[PDB]
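Bear in mind these aren't lab numbers, they're just calculated from the coordinates by the rules spelled out. Note that each Cβ is placed from the backbone with ideal geometry, even for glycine, and that neighbours are counted across all protein chains shown.
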Amino acid sequence: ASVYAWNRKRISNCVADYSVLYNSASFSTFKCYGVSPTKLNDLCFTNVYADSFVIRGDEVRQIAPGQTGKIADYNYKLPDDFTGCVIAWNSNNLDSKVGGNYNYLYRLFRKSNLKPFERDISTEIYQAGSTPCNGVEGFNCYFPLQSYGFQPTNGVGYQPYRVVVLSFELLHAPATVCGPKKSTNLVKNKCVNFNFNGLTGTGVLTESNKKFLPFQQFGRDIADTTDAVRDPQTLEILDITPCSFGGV
Amino acid sequence: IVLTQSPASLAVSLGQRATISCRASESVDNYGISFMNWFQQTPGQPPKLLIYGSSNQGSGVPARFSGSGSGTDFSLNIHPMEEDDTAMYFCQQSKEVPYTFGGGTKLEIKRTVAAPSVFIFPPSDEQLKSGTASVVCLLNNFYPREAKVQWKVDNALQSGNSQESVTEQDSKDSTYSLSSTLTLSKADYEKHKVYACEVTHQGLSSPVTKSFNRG
Amino acid sequence: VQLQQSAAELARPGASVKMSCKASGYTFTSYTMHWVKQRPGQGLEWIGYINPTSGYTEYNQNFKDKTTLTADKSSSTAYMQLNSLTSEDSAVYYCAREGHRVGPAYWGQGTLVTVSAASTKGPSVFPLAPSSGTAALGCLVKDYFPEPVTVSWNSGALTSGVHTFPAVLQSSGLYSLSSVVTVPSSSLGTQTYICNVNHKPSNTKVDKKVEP
Ligand SMILES: *[C@@H]1O[C@H](CO)[C@@H](O)[C@H](O[C@@H]2O[C@H](CO)[C@@H](O)[C@H](O)[C@H]2NC(C)=O)[C@H]1NC(C)=O
Ligand SMILES: *[C@@H]1O[C@H](CO)[C@@H](O)[C@H](O[C@@H]2O[C@H](CO)[C@@H](O)[C@H](O)[C@H]2NC(C)=O)[C@H]1NC(C)=O
């Protein structure tokens, strides 16, 4: 959709993979504020907001914290902190037509600058003059919106750019959004370190006879010692035995 | 605000750049944007919106048309000129209440210089019975339209009595036509033998004279 | 968005003209509307505008006294009142709609208004014989009012080298134009040539044979 009517999707309770974002090369900008792109899969996020729109290339500088411009002032405002990433890629082939692509519009005129993360879908005629406008278009009455007018041949600056903004609302609230944690192969009867289910430990892993149900993830015994656990990848229960040690 | 339009009569060949320039007495940019507006009008049709603002193209406008500029200086570039581009092009300023247009540029397709075909037309007997006499000089298939036509009656130049007309641009011939008509009373026409038309044109190194003696 | 105006009204100086411009394809209530003149072969000059909802009219200093601008939302149309017409007022007028930040954005056809005291008079057609390669002949239409006059040759069977030039105003207030043809010099002896002149305002149909 257009920049003034920017689409918002609420994203939560998922395994948020960002490897696809890294792998693709068609993208132009991965500008991230308050967060490291390589560690997106590492942290857990309370909630994600996906803002999708299409902008002019020369205006991609206005999608940034503490920035000013017609798009920034009247179309889309980004907070100064904004722990999140703006990802923009050129879309000249997809979003330009023979003649003019007038389907996409931006708001020329507005009474005041909109607050961060505010959407103004109003189509009321703006009164630039002293005389009351009363819903007509005149010398000082102007339609707020105006089309991009994309052509097949256009300057890089004036060619369309598809932009997606990620509003990562960090909070102590339940972490709905978490990156993939990756995994490793299992190891048979040998003294190894392990981090099953987040439980760090050292020992040998043996196939066991202890049995239980999904009411459990990991096992223990007397004196609060972990001596069994099911691996998440196989749901197989293994005894943890301390690595061989003793005096000499 | 007064708009001055440089070259307002430009002839270039098909597929070549056609540039028309526009300037204003005062600044044209207001509220950040520029209020320069650009129109096209073909014969027999009203003007249409072509370029709104400094650079944004109008609805139903080919990519060939390109408007640019800022402040007081603006330009139209026409790189892939096509047959339909033969028209009159106009400026407009929209900041202030008094709406004033530019000079107006008639764009024509350029071709090779063509030698004018000079022809003459004496008055008929029926017109003589009507007490009037019309002597006509014709330039057929000549390019460009710029030419000079002079009447010589008994080796005396005529001024303020000859009315000249030029036809519109030919679609395929690409050559203009012109006609100068001189009207005289029957008594005055009967008082002279020699009526001559002298034509000076870029396609002629020397003026071409066509003369006839009445009778 | 389409604009339809009147057609070629004739008035004597000192009279009044009330003329209309209907608009369709849009609200006609949400856009101010402008009027423009253009004298024949001249530049374009804006007159004034109105907001259809509220009767606020703004005119030029030049046209403030003689011009009256009205609109009707029920019939979605516009009206021009010209009073105390003079010779300078004869021109083609254009109906314009607001849009795209432009005052005269959308232009609709146009009305040719002619202010003169002349009356409808039948045209006088006079041949123009070739002078005694390729020769040429023609015809002259003089003393007719008003334009247009349809002049052709052999009822359209002769087109190559045919040039009918638009009429120009004379001091008498009548109109004079010429239609010329270039023919081969050999064709004078055999081929007959006739010019056809039709003046619909006077309903005059004159066929004149041009002979050398
Ligand atoms: C969505 O678009 C992005 C950027 O173009 C792209 O990286 C995603 O991955 C694509 O997935 C396709 C099928 O899963 C695969 O064939 C294609 O190579 C891959 N593009 C890459 C790796 O650049 C796109 N996802 C989808 C589902 O189309
Ligand atoms: C964990 O995810 C991996 C990759 O998708 C998957 O291989 C594991 O087990 C798969 O599903 C079934 C569980 O036993 C089994 O029938 C299937 O063969 C097995 N895949 C392979 C390649 O052996 C997943 N773990 C669990 C517990 O489903």
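Segment A:42-66 and segment B:171-207 have their alpha-carbon centroids 74 Å apart.
Note: relative contact order over chain A, using C-alpha pairs below 8 Å and six or more positions apart, is 24 percent. Shielding by partners for B:123-130, please: the mean number of other protein chain Cβ atoms within 10 Å of each residue's Cβ. Mean shielding by partner chains, rounded to a whole number: 5.
Where the centre of each part is set by its Cα atoms, how far does segment A:70-91 sit from segment B:55-97, in angstrom? What the calculation gives is 32 Å, centre to centre. Applying a threshold of 23 Å to the alpha-carbon distances of B:152/C:209; B:152/B:191; A:31/A:111; A:97/B:110 flags B:152/C:209; A:31/A:111; A:97/B:110 as lying beyond it.
Under the classification rounded if a/c is under 1.5, otherwise prolate if a/b is larger than b/c and oblate if not, where does segment A:12-165 fall, given a ≥ b ≥ c as square roots of the Cα gyration tensor eigenvalues? Cα axes put segment A:12-165 in the oblate bin. Rounded, prolate or oblate: which fits segment B:100-215, taking a ≥ b ≥ c as square roots of the Cα gyration tensor eigenvalues, rounded meaning a/c under 1.5, else prolate when a/b beats b/c? In terms of gyration-tensor shape, prolate. Relative protection proxy for C:88-100, A:66-78, B:156-168, from highest mean packing down: C:88-100, A:66-78, B:156-168 (other beta-carbon atoms within 10 angstrom). Please compare each pair in B:148/C:18; C:18/C:121; B:148/C:66; A:39/A:210; A:190/A:211 to a cut-off of 32 Å on the Cα-Cα distance and tell me which ones are over it. Too far apart for the 32 Å limit: B:148/C:18; B:148/C:66; A:39/A:210.
Cα extents for the protein assembly as shown along the principal axes, largest to smallest and rounded to whole angstrom: 149, 59, 41.
Assign one of three labels to segment A:1-48, namely rounded, prolate or oblate, based on the Cα gyration tensor with a ≥ b ≥ c the square roots of its eigenvalues; rounded applies when a/c is under 1.5, prolate when it is not and a/b is larger than b/c, and oblate otherwise. Here segment A:1-48 falls in the oblate category.
Return the loop-located trypsin sites (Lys or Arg not before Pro) in segment C:1-76 (DSSP other than H, G, I, E, B) with at most 11 other Cβ atoms within 10 Å of their own Cβ; answer none if there are none. Loop-located and lightly packed - C:73. Projected over every direction and averaged, the convex hull enclosing the alpha-carbon atoms of segment B:1-44 yields 4.8 nm². Taking amide hydrogens as placed 1.01 Å from N in the peptide plane, the amide H of residue A:108 sits under 5 Å from those of A:145, A:146, each at least 5 positions away in sequence or on another chain. Shielding by partners for peptide C:101-113, expressed as the average number of C-beta atoms from other protein chains within 10 Å of each residue's C-beta, is 6.
From the largest down, chain B spans 73, 37, 29 angstrom on the principal axes of its Cα atoms. When only Cα pairs below 8 angstrom with a gap of at least 6 residues are kept, segment C:1-120 shows a relative contact order of 35 percent. Look at the stretch A:199-209: the mean tally of other chain Cβ atoms within 10 Å of its residues' Cβ atoms is 0.
For segment A:200-248, chymotrypsin sites (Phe, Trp or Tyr not before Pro) are listed when DSSP marks them as loop and at most 14 other Cβ atoms sit within 10 Å of their Cβ; the list is A:212, A:215, A:245.
Once the C-beta distance of residue A:241 and residue A:182 is scaled by a Förster radius of 25 Å, the resulting FRET efficiency is 0.45 to the nearest 0.05.
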